[PDB]
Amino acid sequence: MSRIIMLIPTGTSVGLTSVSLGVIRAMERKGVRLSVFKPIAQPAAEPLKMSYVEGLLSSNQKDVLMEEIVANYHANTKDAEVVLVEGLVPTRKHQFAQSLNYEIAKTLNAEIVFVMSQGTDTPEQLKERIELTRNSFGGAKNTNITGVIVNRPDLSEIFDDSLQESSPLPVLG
């Protein structure tokens, strides 16, 4: 209602749950009504099963899929003031994962926040992946790209955990 933020988890273990848990706690302390919406499960409405999503995509019913996601979004965010949307991890088996992430963010008019893990990267290698990730969601054109997490309420209030100088995106938390 007041702020829709979609977390794009760009890694098989980037601590997406830790980020969401921190947002739940920050909002509860401020009395802000928060809904965490996970449109699709990653193997008033549960996350859609991946096999159901694949069946709708297989049968050329992507429109039906998006309608169901939008309907579930509304059933799950009634009277929410902040909505945190949990996106899909791009895994080996699913070539539709990142296109579905973009389509969901676009349809929900969500601000996009990428959740990364440093892993083995050097600082500059991580920043290269951050810039690559931003360009793949529209780059400088897409005004909804909001920031990156590496591990109307202000983002500092939403992502309070309490490379930010040279990062391609503002680093949150």
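One-based numbering along the sequence shown.
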Could you bin the unmodelled part of the deposited chain lying between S162 and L163 as none, 1 to 3, 4 to 9, or 10 or more? 10 or more
When you step from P43 to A44 in this entry, do you jump over none, 1 to 3, 4 to 9, or 10 or more residues of the deposited sequence that have no coordinates? 10 or more
Can you tell me whether 89 to 97 has a higher mean C-alpha B factor than 69 to 77 in this record, or the other way round? 89 to 97
Between 60 to 68 and 115 to 123, point out the one with the higher average CA B-factor as the PDB entry records it. 115 to 123
For the CA B factor values reported in this entry, which option in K141, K49, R29, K38 has the top one? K141
With respect to C-alpha B-factor, does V171 fall in the lowest, middle or highest third of the chain as deposited? highest
Assert third(CA B-factor, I8) within chain per record equals middle
Where the record places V14 (Cα B-factor, split into thirds across the chain): highest
Can you tell me whether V23 has a C-alpha B-factor in the lowest, middle or highest third compared with the other modelled residues of the same chain? lowest
